[PDB]
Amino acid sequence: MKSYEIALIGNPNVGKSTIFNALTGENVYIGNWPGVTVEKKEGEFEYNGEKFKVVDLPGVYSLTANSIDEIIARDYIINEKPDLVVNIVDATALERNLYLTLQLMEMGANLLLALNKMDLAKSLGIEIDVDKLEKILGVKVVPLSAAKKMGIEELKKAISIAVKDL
């Protein structure tokens, strides 16, 4: 079976854990990053006949070596070279995620954005222009509400597309 390796990353409290649990099958490996007690979760899912290995990365605001988490996350991306990184973003806190997205691009990460908590933005009267984000960043943006079991299928399809290339 053709297999890819993808990574999830985002700011703390974006629902990354929820999306990780949704994306993956039941068999999740809970280890630690080498040398430290920082938890490392790994799982997988199959989609359209292909296997996607999922690595959860530590939640971070940047990749400028400001903490053990930023150091782990960056070392993984640069050295493991996942086939895709899914940058999970809080629809209600989109601006603060700008530097993370920018630094992912700078280090040359193949990127896809998952825009989570759309329901919460909806209830908070926060409108978000996804097409304008996609155009500006030149990366696909997948709107979802992982806690409402909304858009996980979209996320999986978008992932299977993004690992190829144009």
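Note that residue numbering follows the sequence shown and begins at 1.
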Task: Unresolved residue 52 in a third or more of other entries flanked by modelled residues - done: no
- [ ] Would you please confirm whether residue 99 lacks atomic coordinates in a third or more of the other entries that were compared?
- [x] no
Task: Residue range whose averaged C-alpha B-factor is higher in the record, 117-125 or 63-71 - done: 117-125
TODO: Tell me which of 97-105 and 23-31 has the higher mean C-alpha B-factor in the deposited entry.
DONE: 23-31
TODO: Pick out which of 9, 147, 14, 142 has the highest C-alpha B-factor in the PDB entry.
DONE: 147
Open item on the list: Splitting the chain's C-alpha B-factors into thirds, which one does residue 136 fall into?
Closed with: highest
Open item on the list: Which third, lowest, middle or highest, does the C-alpha temperature factor of residue 44 belong to within its own chain?
Closed with: highest
Open item on the list: Test of reading the entry: by CA B factor among the chain's modelled residues, which third contains residue 54?
Closed with: middle
